[PDB]
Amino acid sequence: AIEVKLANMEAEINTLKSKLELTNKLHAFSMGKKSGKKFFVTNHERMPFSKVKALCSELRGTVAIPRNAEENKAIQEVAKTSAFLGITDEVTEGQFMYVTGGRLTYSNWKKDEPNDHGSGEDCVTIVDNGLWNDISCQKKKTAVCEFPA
């Protein structure tokens, strides 16, 4: 019977949707995602900003963005080295915005940053001490993506 097979197929598809959802949960858990918190992942590869941005988006995430000290600390722990943050002032010099929209609020600028040094610096990296430095978007820094809570 055609309808019986179709009904079975529906059940099979729904069963797969739930198993996949579980696979995703377990992987996030195994990757250190904390309950009700965003999770950060890195392959430890250094690349220019646009490449990090393209990579994270492909994975359905975004370049990591610290919204407070806890998150900033978590990103630093994950990155282990200087990494790009999802913050830039490429649209209008001086006004840093999140790659996902909106003006930068919480910050952790290193002493004397941001300074748009020399020919210009429109991207931001969280350096080893967790402090921030605006740098050239063309420099290669560790790719770190964040995924929703």
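In case it trips you up, residue 1 is the first one in the sequence shown, and so on.
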With reference to the PDB entry, specify whether the mean Cα temperature factor is higher for 127-135 or for 21-29. 127-135
98-106 versus 33-41 - greater average Cα B-factor per the deposited record: 33-41
Determine, from the deposited record, the chain-internal third of the Cα B-factor for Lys53: lowest, middle or highest. lowest
Relative to the other modelled residues of the same chain, rank the CA B-factor of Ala83 and answer lowest, middle or highest third. middle
Classify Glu121 as lowest, middle or highest third according to the C-alpha B-factor given in the PDB entry, relative to its own chain. middle
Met47 - which third its CA temperature factor falls in, relative to the rest of the chain: middle
For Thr62, does the deposited CA B-factor place it in the lowest, middle or highest third of the chain? middle
